[PDB]
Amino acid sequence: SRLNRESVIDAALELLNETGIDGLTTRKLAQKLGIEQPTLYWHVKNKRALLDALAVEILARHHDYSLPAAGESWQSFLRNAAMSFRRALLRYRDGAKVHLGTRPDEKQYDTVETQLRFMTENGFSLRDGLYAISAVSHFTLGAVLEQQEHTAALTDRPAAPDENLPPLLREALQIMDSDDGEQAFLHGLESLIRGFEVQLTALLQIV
């Protein structure tokens, strides 16, 4: 079939949902596109190049709240960006692991520049602006990776017998498995934003 960049990325993302990141190979991608391996090689050098392109493409296509709206608060921007980032990572099987090996992308640098500009215009030092954006990224990626890797582990092993669990852990596992982590994620996200605001408003005061 067609081997323009867009068609190859489309095929590879479909293959990722079929196999997961560990099972995704250039050999399987060639099969899916109906070509020989040295044909594919002209388009796609190796698995690493393929993953770098998927990582960038997943955010380009599906992370559509990367920029603040006109007049938006920095609180609302971090909340909206975090929810978008999390949705984008959950959209594909092992998506967060695909992201975790992104390369530098010039277009992602212009976006982070706009986000750091926005934070500093709203009163953040460059340091505190970067720390806030980083913490939101770290928290969000950590929450998604724990959801996706736990799913991936239920593919291989089981989950331990319920009847030796102490009571609060039993109830905690009931709560953490009652959704895809969304309630926990949204609650932690409010805690993180409010922490940042207490720090911003403190200026040089002991806090």
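Throughout, we count residues from 1 along the sequence that is shown.
Visitor: Of the two stretches 79-87 and 99-107, which shows the higher Cα B-factor on average in the entry?
Guide: Mean CA B-factor is higher for 99-107.
Visitor: Would you determine, from the values in the PDB entry, which of 29-37 and 139-147 has the greater average C-alpha temperature factor?
Guide: On average, C-alpha B-factors are higher across 29-37.
Visitor: Among the candidates 176, 169, 55, 44, give the one with the maximum CA B-factor reported in the record.
Guide: The listed residue with the largest C-alpha B-factor is 176.
Visitor: Using the B-factors in the PDB entry, rank residue 8's C-alpha atom against the chain and give the third, lowest, middle or highest.
Guide: Within its chain, residue 8 is a lowest-third residue by C-alpha B-factor, going by the deposited values.
Visitor: What third of its chain, lowest, middle or highest, does the C-alpha temperature factor of residue 22 fall into?
Guide: It belongs to the highest third of the chain when residues are ordered by C-alpha B-factor.
Visitor: Ranking every modelled residue in this chain by its Cα temperature factor as given in the entry, which third contains residue 72?
Guide: Tercile = middle for this residue's CA B-factor.
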